[PDB]
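Worth knowing before you read on, the calculation uses all heavy atoms, side chains too, and leaves out hydrogens, waters and symmetry mates. To find a chain, count down the sequence lines: A is the first, B the second, and so on, and within it residues start at 1.
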Amino acid sequence: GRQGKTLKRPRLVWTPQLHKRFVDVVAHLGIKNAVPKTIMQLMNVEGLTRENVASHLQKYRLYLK
DNA sequence: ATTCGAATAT
DNA sequence: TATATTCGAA
């Protein structure tokens with residue numbers, strides 16, 4: 001059946017621990033490299049997708065204003 | 001080909 | 001609102 005990139009995973013709930021992991025990666029990344037693919041790799045979460053990160057990073061950037 | 005990201009959808 | 005998906009741009 002589906003697998004890897006095509007797996008139809010449930011909605012990602014950003015727990016406080018997951019979010020803190022995200023922030024610690026983004027905060028210490030070169031601003032040039034603070035993009036969803038790089039964030040996704042550095043966060044080291046089996047099953048996290050680049051799209052999960054992009055949507056979360058969008059709101060985060062509004063929060064940082 | 002790839003992937004970003006604001007806009008939009010659910 | 002939080003998270004997902006679209007789609008034009010880089």
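The side chain of A/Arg50 lies closest to B/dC4 when the candidates are B/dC4, B/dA7, B/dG5. Here B/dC4 is the nucleotide among B/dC4, C/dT5, C/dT1 with the atom lying nearest to any side-chain atom of A/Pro36. Residue A/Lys37 has its side chain nearest to B/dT3 when only B/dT3, C/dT6, B/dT10 are considered. The listed nucleotides are C/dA4, B/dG5, C/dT1; the one nearest the side chain of A/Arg61 is B/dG5.
Along DNA chain B, the nucleotide nearest A/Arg11 and the nucleotide nearest A/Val35 are compared for position; the residue whose nucleotide lies closer to the 5' end is A/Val35.
Rounded to whole angstrom, the span from the CG atom of A/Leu48 across to the P atom of C/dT3 amounts to 12 Å. Rounded to whole Å, the distance from CD on A/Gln58 to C1' on B/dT3 is 15 Å. As rounded to whole Å, 13 Å separates atom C1' of C/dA2 from atom CG of A/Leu62. In this structure, A/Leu29 places its CG atom 12 Å from P of B/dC4, rounding to the nearest Å. Atom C1' of nucleotide C/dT1 and atom NE2 of A/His56 are separated by 14 Å, given to the nearest angstrom. Atom-to-atom, CE of A/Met40 to P of B/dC4 comes out at 8 Å; the value is rounded to the nearest Å. Between the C1' atom of B/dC4 and the NZ atom of A/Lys32 lies a distance of 16 Å, rounded to the nearest Å. Between the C1' atom of C/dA4 and the CG atom of A/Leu57 lies a distance of 15 Å, rounded to the nearest Å.
Looking only at distances, no side-chain donor or acceptor of A/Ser55 sits under 3.5 Å from a matching main-chain atom of A/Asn52.
The shortest non-hydrogen separation linking A/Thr38 to A/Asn33 is CB-O, 3.2 Å.
Note: A/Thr15 OG1 to A/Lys20 NZ = 11.5 Å, rounded to the nearest 0.5 Å. To the nearest 0.5 angstrom, A/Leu12 atom CG is 8.5 Å from A/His56 atom NE2. Put simply, NZ on A/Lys37 and CE on A/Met40 are 8.0 Å apart, with the number rounded to the nearest 0.5 Å.
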Exercise for review: State the dot-bracket string of DNA chain B. Criteria: Watson-Crick or G-U wobble, both atom distances under 3.5 angstrom; notation: ( ) intrastrand, [ ] crossing earlier pairs, | interstrand, . unpaired.
Suggested key: .|||||||||
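Summarising the local packing, CG of A/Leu64 is surrounded by more than 12 heavy atoms from other residues, nucleotides or ligands at distances under 6.0 Å.
In the hydrophobic clustering of this structure, A/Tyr63 groups with A/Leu18; members are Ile, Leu, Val, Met, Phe, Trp, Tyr whose side-chain heavy atoms approach within less than 4.5 Å, directly or through other members.
The shortest distance between the side-chain N/O atoms of A/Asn52 and the OP1/OP2 oxygens of C/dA4 is below 4.0 Å.
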